[PDB]
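Hydrogens, waters and symmetry mates are skipped; everything else that's a heavy atom, side chains included, is used. Naming convention: chains lettered A, B, ... in sequence-line order (proteins, then strands); numbering from 1 in each chain.
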Amino acid sequence: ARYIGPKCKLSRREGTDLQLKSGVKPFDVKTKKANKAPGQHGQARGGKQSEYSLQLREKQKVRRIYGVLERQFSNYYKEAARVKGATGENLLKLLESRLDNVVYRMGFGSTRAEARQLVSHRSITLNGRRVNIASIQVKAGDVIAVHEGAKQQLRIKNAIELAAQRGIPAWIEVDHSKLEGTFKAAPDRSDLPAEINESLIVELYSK
Amino acid sequence: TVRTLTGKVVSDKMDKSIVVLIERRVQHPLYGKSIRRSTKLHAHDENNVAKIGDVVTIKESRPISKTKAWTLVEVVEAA
Amino acid sequence: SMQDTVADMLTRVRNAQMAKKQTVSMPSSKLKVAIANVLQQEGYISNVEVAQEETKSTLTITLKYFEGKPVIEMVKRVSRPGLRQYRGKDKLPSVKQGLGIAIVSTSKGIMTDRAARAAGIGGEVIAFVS
Amino acid sequence: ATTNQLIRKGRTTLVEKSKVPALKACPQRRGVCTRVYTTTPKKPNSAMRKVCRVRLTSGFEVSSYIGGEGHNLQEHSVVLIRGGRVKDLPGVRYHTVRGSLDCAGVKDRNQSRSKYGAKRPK
Amino acid sequence: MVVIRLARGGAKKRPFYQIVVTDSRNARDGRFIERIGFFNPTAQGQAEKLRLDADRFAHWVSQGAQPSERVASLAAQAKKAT
Amino acid sequence: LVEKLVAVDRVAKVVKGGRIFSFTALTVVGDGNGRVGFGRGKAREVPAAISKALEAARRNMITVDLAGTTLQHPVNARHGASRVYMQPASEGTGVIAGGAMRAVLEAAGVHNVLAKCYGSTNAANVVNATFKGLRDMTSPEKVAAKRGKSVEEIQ
RNA sequence: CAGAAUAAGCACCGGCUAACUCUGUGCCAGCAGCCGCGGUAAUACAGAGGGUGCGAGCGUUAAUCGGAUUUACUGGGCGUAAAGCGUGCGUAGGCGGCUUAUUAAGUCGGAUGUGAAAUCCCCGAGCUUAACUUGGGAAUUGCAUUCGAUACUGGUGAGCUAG
RNA sequence: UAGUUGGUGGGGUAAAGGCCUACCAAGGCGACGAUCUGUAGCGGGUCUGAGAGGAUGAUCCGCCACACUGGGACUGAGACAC
């Protein structure tokens with residue numbers, strides 16, 4: 001199962017832009033109701049929260065951008081705790097290693113939902129083979145190319161020109177002419193945005 | 001190459017048979033204190049040399065009777 | 001009646017330190033002298049002396065105070081006559097994460113747990129000192 | 001205790017009794033309704049609460065609460081009972097499952113329907 | 001008698017055999033004397049297809065063990081390969 | 001200077017013709033790098049009690065020597081009927097403790113530790129026991145100085 | 001090849017515990033794991049709006065361990081909270097002063113044999129991924145035999161006087 | 001506890017053995033729990049627990065026992081035989 005429904009109330013509850021829309025218009029012009037919770041009893045951002053509320057609200061925000069549900073997220077945490085290293089760093093590496101996210105960051109999809117649809121509809125090839133699972137883990141030195149029938153899609157060309165506005169990350173090199181790209185290694189924490197706090201998730205799941 | 005036990009005789013009434021008491025010291029599995037345990041073993045003594053109170057050695061052998069499977073080797077100390 | 005002379009010696013040292021005496025004296029024995037020698041070598045006490053009148057032997061120990069507190073802040077008897085404690089070479093206890101010493105009697109004499117691990121032997125655990 | 005005392009006599013554990021003996025370690029039981037009636041709550045509560053004395057296949061006769069507002073139970077009905085105390089009613093340690101065998105689901109209910117056993121309205 | 005044969009394991013439609021020396025009266029996937037190799041009829045990629053301990057095989061044959069047809073064919077093929 | 005409010009309770013005193021209600025507050029202040037203290041305050045209103053408790057906490061302070069972000073060695077402490085056990089942990093563990101211990105430990109600047117309460121869980125007594133244990137924790141340099149040895153000799 | 005075309009529910013929103021208002025009823029109907037709600041403004045009953053948590057599942061009941069240091073070996077107590085026999089003597093048992101020689105039972109160390117496979121853990125391999133299957137290790141904290149050590153406990157011989 | 005505990009002669013078994021038999025003797029077990037009585041297939045393992053422990057013995061593997069209820073033997077290398 002994948003979440004379907006309204007994305008702007010989703011972002012409004014967390015109070016921050018979750019990048020769930022293409023971005024042709026800024027978030028503030030898009031919703032006009034930011035810093036207001038979706039409910040009628042919705043209030044400003046300054047509402048006091050308990051620690052349990054803060055940890056939960058952070059984990060939900062982390063889940064909502066990547067579109068992962070609770071079972072898979074708990075499995076991700078349990079694997080990251082087993083793997084040696086920083087638990088939050090490992091969890092971020094696992095979340096950023098999914099095939100759909102790599103397709104999105106390579107610029108073949110306007111949004112992560114578009115990337116998921118493209119991957120699921122067998123429009124992507126991994127190392128020369130057409131796959132259809134969004135949660136396939138991408139390893140170092142991989143090659144992701146757009147399938148031949150998938151090429152010449154107006155949505156894909158719009159996605160690549162939109163991605164041109166943002167910056168192509170370091171670990172991904174893309175030939176946009178050939179619709180091809182190469183994942184090299186998992187981003188370190190510095191590459192990812194620093195507003196995300198992972199410690200809250202850590203004690204929330206280690207309670 | 002044969003299993004031997006050393007003990008003290010506690011009975012000699014039976015004909016060609018003696019009863020020897022074996023003692024061992026082990027640790028209690030849970031509380032750790034050293035405990036002493038005792039076992040009474042019937043042995044074969046053909047010539048009735050042993051008597052009550054001597055220290056004897058016995059060795060494992062084939063069955064001789066219903067309850068005897070050990071045979072006397074030597075008398076270490078006399079009473 | 002008195003049945004644990006080592007425990008008596010440790011209790012005497014503890015009470016003397018708590019009362020802030022300078023020296024402590026007791027009837028002597030070779031085991032007590034051996035334990036006091038280890039304590040002096042490790043630096044918890046200053047001087048160990050033995051006197052002999054005719055057959056009685058008296059053991060005297062000079063105590064150490066640094067700043068206001070006594071040097072020996074904790075001394076515990078581990079093995080006791082009602083429960084003997086024996087440890088292998090790989091299960092020797094550590095006291096205060098290595099900042100204290102466990103006194104161990106091994107087949108090569110009385111030493112600390114550190115020296116016992118260095119020599120790769122076990123034995124009886126007499127006391128913890130810190 | 002001393003070590004010798006522990007060796008001679010070890011520590012003793014006291015067994016625990018279940019709070020639902022009539023179920024005999026089963027999730028539910030089936031019974032035949034012996035007497036349906038109403039009772040009054042213990043202080044400081046005041047109401048008229050619907051209960052029924054039921055004889056179970058376990059060989060026991062107990063009392064069970066009826067939840068929800070409006071029931072069609074009567075003499076000799078066959079019902080399923082589960083665990084759960086009513087607190088303010090002394091002696092009633094069981095509940096009747098709504099809509100299982102002869103009991104029917106409550107009417108005109110649209111929230112918490114899985115409890116009380118009401119189907120989805122069309 | 002004593003035989004050398006295949007015991008089945010693995011998953012449905014993907015068999016994986018252990019090569020075992022055992023008394024013939026024992027159940028196929030039960031009690032055995034000694035395991036001396038494995039066979040994977042559907043190996044792919046880097047997976048090995050057949051490991052057999054030739055010295056143990058010869059030692060047990062010298063004592064009167066009877067290989068099955070499949071095991072004899074596999075032993076011949078392994079000897080041919082190496 | 002980080003400040004934490006552990007508990008707030010309402011108390012009553014009986015007089016003729018009614019009762020007088022008051023409020024008590026327990027707070028813990030710290031610098032996050034080995035300085036920590038705690039205090040109590042009583043008032044008619046909650047903010048006044050919090051202010052008095054904070055002032056008392058700032059007045060009652062000690063210095064705690066840490067090993068990086070964790071304890072030097074296991075600690076057992078007690079105050080009245082409350083007993084506490086604290087143990088050092090490796091990096092990435094976090095602070096595994098109850099709220100009363102968590103406040104004091106985080107104010108004192110410990111990042112990885114495992115802690116356990118036994119006996120009574122009264123907040124003031126637990127804070128007292130944890131404070132005593134942190135005060136009485138020792139260090140290799142102090143041990144070497146007191147025994148007249150070297151740090152490498154002490155190990 | 002066809003065309004969004006065939007495909008979302010369940011629990012909860014006084015505190016413990018993330019998520020609030022309005023109508024209907026008035027110690028009635030009813031809710032309730034504990035503390036407790038309802039006797040005309042019910043954020044706790046029923047409906048509705050809104051929201052929160054999960055999601056092809058969601059809730060309830062039953063059962064085991066945990067939290068429970070609440071049988072306490074690790075790791076509890078007995079003046080007043082539960083708990084010192086009314087007071088002695090004494091059998092089995094438990095424990096026992098100092099020095100010395102010897103023994104090697106307890107205790108410690110080495111070697112050898114054994115401790116089936118599967119299972120748990122680690123590094124890999126094959127399943128589009130994962131579950132799953134599988135190669136090799138580590139482990140199996142034990143037992144037995146044999147060779148060594150003698151500080152402590154035990155046995156034996158001798159000696160001493162603080163009990 | 002009176003074939004009960006030990007011994008001798010004899011019988012019997014694939015094989016040691018009161019396994020059986022005739023005599024001789026009075027031994028044997030027990031507070032380290034005999035006898036009686038309730039409950040129960042055992043292990044590798046599984047669940048939980050920081051650990052020590054506690055609960056458990058479906059599915060997989062090893063051992064044991066049973067085949068409507070009791071008592072027997074035959075054939076056979078092997079059964080007291082679903």
Side-chain angles (χ1 to χ4, degrees), chain A residues 1 37-41 50 52-53 56-57 69-70 75 99 126 129-133 135-137, chain B residues 13-17 19 24-25 30-32 34-38 40 62-68, chain C residues 1-3 5 27 29-31 34 55-57 79 81-82 84 86 88-89 105-110 120-124 126, chain D residues 3-4 6 10-14 20 23 25-28 44-49 68-69 82-84 86-88 95 97 108-115, chain E residues 9-11 14 16 29-32 35 38 40 42-48 51, chain F residues 114 118-119:
Chain A
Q40 64 99 327
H41 288 306
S50 192
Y52 174 85
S53 185
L56 197 148
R57 192 83 283 143
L69 298 181
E70 184 60 22
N75 279 327
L99 176 68
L126 174 64
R129 306 168 291 108
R130 299 173 79 197
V131 296
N132 70 337
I133 290 153
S135 61
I136 292 175
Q137 205 95 314
Chain B
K13 313 302 181 179
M14 279 163 334
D15 205 352
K16 309 206 217 353
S17 325
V19 182
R24 50 185 191 291
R25 171 161 299 251
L30 177 61
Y31 300 125
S34 211
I35 306 314
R36 63 160 100 250
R37 313 257 82 181
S38 100
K40 288 215 307 223
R62 87 176 196 194
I64 296 126
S65 95
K66 168 177 206 173
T67 45
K68 323 164 41 189
Chain C
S1 60
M2 176 126 66
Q3 294 170 37
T5 48
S29 85
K30 60 187 311 222
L31 178 54
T55 42
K56 288 66 174 221
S57 280
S79 204
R84 300 291 179 179
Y86 306 107
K89 91 179 152 182
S105 183
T106 91
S107 77
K108 309 262 143 224
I110 305 192
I121 39 178
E124 222 210 328
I126 300 153
Chain D
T3 312
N4 225 52
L6 286 171
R11 299 289 189 177
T12 119
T13 318
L14 38 142
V20 283
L23 284 179
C26 297
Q28 295 99 7
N45 266 354
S46 91
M48 290 192 39
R49 277 188 230 287
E69 42 182 26
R82 60 194 253 258
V86 201
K87 190 215 217 283
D88 91 352
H95 273 48
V97 186
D108 311 313
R109 172 78 85 124
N110 211 134
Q111 310 172 354
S112 270
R113 269 190 298 98
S114 35
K115 319 167 168 179
Chain E
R14 305 265 272 171
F16 185 98
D29 292 3
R31 174 171 156 180
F32 64 94
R35 183 263 215 161
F38 67 84
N40 189 10
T42 53
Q44 278 310 11
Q46 266 178 263
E48 231 189 307
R51 179 153 335 141
Chain F
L114 306 134
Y118 304 109

Looking only at atom P, what distance separates G:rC34 and G:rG79, rounded to whole Å? 38 Å
Expressed in angstrom and rounded to an integer, what is the separation of D:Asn4 atom CG from G:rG94 atom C1'? 5 Å
Considering only atom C1', compute the distance from G:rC12 to G:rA19 and round it to an integer number of Å. 8 Å
With a 3.5 Å cut-off and just heavy-atom distances, do the side chain of D:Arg11 and the base of G:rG76 make a donor-acceptor pair? yes
Phosphate contact (H:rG6 OP1 or OP2) by B:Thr67 side-chain N/O below 4.0 Å: yes
Consecutive bases G:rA46, G:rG47 stacked per 5.5 Å and 30° rule: yes
Using the P atom on both, measure H:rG7 against H:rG17 and round to a whole Å. 10 Å
Rounding to an integer number of angstrom, what distance separates H:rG43 and G:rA138 when you compare their P atoms? 29 Å
Consider the side chain of D:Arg49, meaning its heavy atoms from C-beta on, and name the nucleotide among G:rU60, H:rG28, G:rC31 that approaches it most closely. G:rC31
In whole angstrom, give me the gap between the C1' atoms of G:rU60 and G:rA82. 40 Å
Grab the two heavy atoms, one from C:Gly122 and one from C:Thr106, that are nearest each other, plus how far apart they are. O-CB, 3.3 Å
Under 4.0 Å, heavy atoms only, any strand: does C:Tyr86 hit a base, just the sugar-phosphate, or nothing? base
Within the structure, does a side-chain N or O atom of B:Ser65 lie under 4.0 Å from either OP1 or OP2 of H:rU5? no
OP1, OP2 of G:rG53 versus side-chain N and O of A:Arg57: anything below 4.0 Å? yes
N/O (side chain, D:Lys87) to phosphate O (OP1/OP2, G:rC35) under 4.0 Å: yes
Counting side-chain heavy atoms from C-beta on, which of G:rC27, G:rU161, G:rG126 comes nearest to C:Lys56? G:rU161
On the nucleotide H:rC63, are OP1 or OP2 found under 4.0 Å from the side-chain N or O atoms that E:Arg31 carries? yes
Figure out the CD/P separation between D:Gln111 and G:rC58, and round it to whole Å. 21 Å
May I ask you to say what F:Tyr118 touches in the nucleic acid, namely base, sugar-phosphate or nothing, with a heavy-atom cut-off under 4.0 Å? base
Could you go through C:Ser79 and C:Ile126, starting from their C-alpha distance and side-chain angles, then the distance that decides it, and tell me whether this counts as side chain to side chain contact (heavy atoms under 4.5 Å, CB included)? CA-CA 5 Å; C:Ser79 204; C:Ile126 300 153; 5.9 Å; no
Taking the P atom of each, how far is H:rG45 from H:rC32, in whole Å? 35 Å
